Structures are given as C-alpha cells and as structure tokens.
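Inspection log for the structure reproduced underneath, given as structure tokens.
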C-alpha cells in the first residue's frame, strides 16, 4: 500500500468531483508528486482536454505535494486553502494528462514551516506542470499559492 | 433561449460540466451568468472546490465570447484559453454564480477588426464568481482568450 494510493483516497473523498474526473495518483518519489487525468472524462469537443480540468490537475498536484510533505513530518494540525493561481496553456492535451509537482526550493520550504509554526498561518507557492503523457514539455505551466492554517 | 442553447453546448462539448451541474442563467445587456451547485463541487469542508470555481470563471468568459460572436454571425473562429489568473477572496458556501460583462467597447471593436484583418486576435476578459444572492466577488478571474480562423 503506497502513499500515492493513500493520497488518491483523500482526494476522491474530499473532492468527489475528482473521482468523476478519473484522477489517479501515479507516484511520490524524492519529493516529486505525479498524478494523471484521462481524456475521456475531461474532454472538450472530442480532441482536447478541458482547460478547467487541466487547472484542476495542476492545482491538485500542488495540493497533494503539500499534504504528503506535511504528513511525512507529522504536521497534522493544518488546513490547506487554495489561493491565487496563474496558469498558461502552451500546448493542447490530446490524451492522458500527467501533472507534476517537484519540491520548492529548500529555503522557501523552511521559511514556510518557520512562519507556520510561529503564526499558525503561512503561504507556500508551488510551481506545477501538466504534460501530454510521454512528454517532458509542459502543456500547462502553473504557479499557485496555498495557505496552511491552524 | 440563448441560455438553454449555451447550456446544451457546454453539456455536449464538455460532458464533465453536466456532472458539475452547470446551468446557464441569463444573457442580457451583453452580460452572461451561469451557476454551479455546491453538492457536485464540494471540498473537504462544505465549501466549493476552488477548481470548480475556476471552471465556472473560465467558462463564463468562453460563453460570453461564443454568444457575442454568434449574435454577429461570426462562425469561422476557434476560441482557445491561452492564460488565466484567479484569486479566491471569499468562501463559496452554496450555489456559485459566475458572471462575465462586456469588455471596453472600443477594445471589443479593435479586437474584431484585428480578427477580421489578421485571422487571429486576443481578448482579455475579467470574470467573477459570487455566492448566489450577492454581487460581491468571491472569485476574480482574468483570462486571455484567442480567437483564430
């Protein structure tokens, strides 16, 4: 039983629309998370993935990174709130969408933990991408803010 | 009606929107409104999922442009969302009402002139989402939509 399977169950329970979107968590390795959405449940006009679904993938791979990282540190007293986001759509997604979130820079992460501990509230910005399966070229570039609060 | 037509477009083109409970409300004074129900779009704490709100915000801009072009008989174009930016200042705790009003009118005319002459033009649309009953934006969105032949 994996951290990915754990996170998938959390996402489907918390946000049941993600079950309808077919969200699947792929892997969690060296603080990189990947998840995917299938085309058919998220299609727009047969051929391409809906841009709203793509935002959902991009924002949720960041949400999941944060959830899993906190969980591995035993930080269980926080609530994540999705905040501002900026998204670009340089390429169409014509099949399964693979979303990825690598770790932020270590200093950013540690500043965020320090501020959360002191105030009980902090903001983390995560860069995420979504690609066509088998491509490293971002089809979607995303940056989003996440509040953690007690 | 125009709103029934657009709702049918959205549900047919993007079947996920039917599962999201999207309904189109009205199309008047070049302002479009559509809504999402809480239950289909809930998060872990009985507020609406930010992703659902983003979907509403981007789609009300898409719909605005689709209906405006349809009213003018401009049928040879393809709308693509190129860029989006969103903020979530207030919780949405019930039905969400997304709204797109008309951009600056000289801006619109310059955009159409550029599309007619060049075959490609970009339009920025601000859209909002509110809790039903209220005009106060709980969500602010800005999208860059490209129309091309």
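Protein chains in written order, with the deposited numbering: chain A, 2 to 151; chain B, 3 to 151. All C-beta atoms in this analysis are idealised placements derived from N, C-alpha and C, irrespective of residue type, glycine included.
For the segment 66-132 of chain B, the full-length alpha helix (DSSP H) segments reaching 4 residues or more read 107-120 along the chain. Three or more beta-carbon pairs drawn from the segment 136-147 of chain A and the segment 55-66 of chain A are found closer than 8 Å, and the two stretches are therefore classed as touching. The DSSP-derived three-state label of residue 25 of chain A is strand. Judged by DSSP in its simplified three-state form, residue 32 of chain B adopts coil rather than helix or strand.
In summary, residue 100 of chain B is buried, with 16 or more beta-carbon neighbours lying within 10 Å of its beta-carbon over all protein chains present.
Residue burial annotation: residue 76 of chain A is exposed, with fewer than 16 other C-beta atoms found within 10 angstroms of its C-beta. Of the other Cβ atoms in all chains shown, 16 or more fall within 10 Å of the Cβ of residue 37 of chain A; this residue is therefore buried. Closer than 8 Å at the C-beta level to chain A, one finds these residues of the segment 88-115 of chain B: 88, 89 and 90.
Taking all protein chains in view, the Cβ of residue 127 of chain B is crowded by 16 or more other Cβ atoms within 10 Å, so the residue is classified as buried.
Interface criterion not met: the Cβ of residue 50 of chain B is under 8 Å from no Cβ in chain A. Within chain A, the C-beta atoms nearer than 8 Å to that of residue 43 of chain B come from 18, in chain order. When rounded, the separation of the alpha-carbon atoms in residue 4 of chain B and residue 9 of chain A is 39 Å. Contact between residue 49 of chain B and residue 95 of chain B holds, since their C-beta atoms are separated by about 6 Å, short of 8 Å.
Residue 35 of chain A has its alpha-carbon roughly 37 Å from the corresponding atom of residue 69 of chain B.
Annotated as proximal: residue 81 of chain B and residue 67 of chain B, with beta-carbon spacing under 8 Å. Looking at the DSSP output, residue 145 of chain B sits in a beta bridge with B:86 and B:127. Contact note: residue 15 of chain B reaches chain A through 45 and 46, using a C-beta cutoff of 8 Å and chain order. The C-alpha of residue 13 of chain B lies about 12 Å from the C-alpha of residue 43 of chain A. Collapsing the DSSP output to three states places residue 3 of chain B in coil. In the structure shown, residue 43 of chain A falls within a helical segment according to DSSP collapsed to helix, strand and coil. Listed along chain B, no residue sits closer than 9 Å to residue 25 of chain A by beta-carbon distance, the nearest being about 16 Å off.
Between residue 45 of chain B and residue 134 of chain A, the CB-CB gap reaches or exceeds 8 Å.
With its beta carbon less than 8 Å from one in chain B, residue 86 of chain A belongs to the interface. In the structure shown, the three-state DSSP call for residue 19 of chain A is helix. Short of 6 Å from the beta carbon of residue 63 of chain B, and not among the five residues preceding or following it, lie these beta carbons of its own chain, in chain order: 102, 127, 129 and 145. Setting aside the 5 residues that flank it on each side, residue 104 of chain B is surrounded in the same chain by 32, each with a C-beta closer than 6 Å to its C-beta; the list follows chain order. A straight line joining the alpha-carbon of residue 106 of chain B with that of residue 115 of chain B spans about 14 Å.
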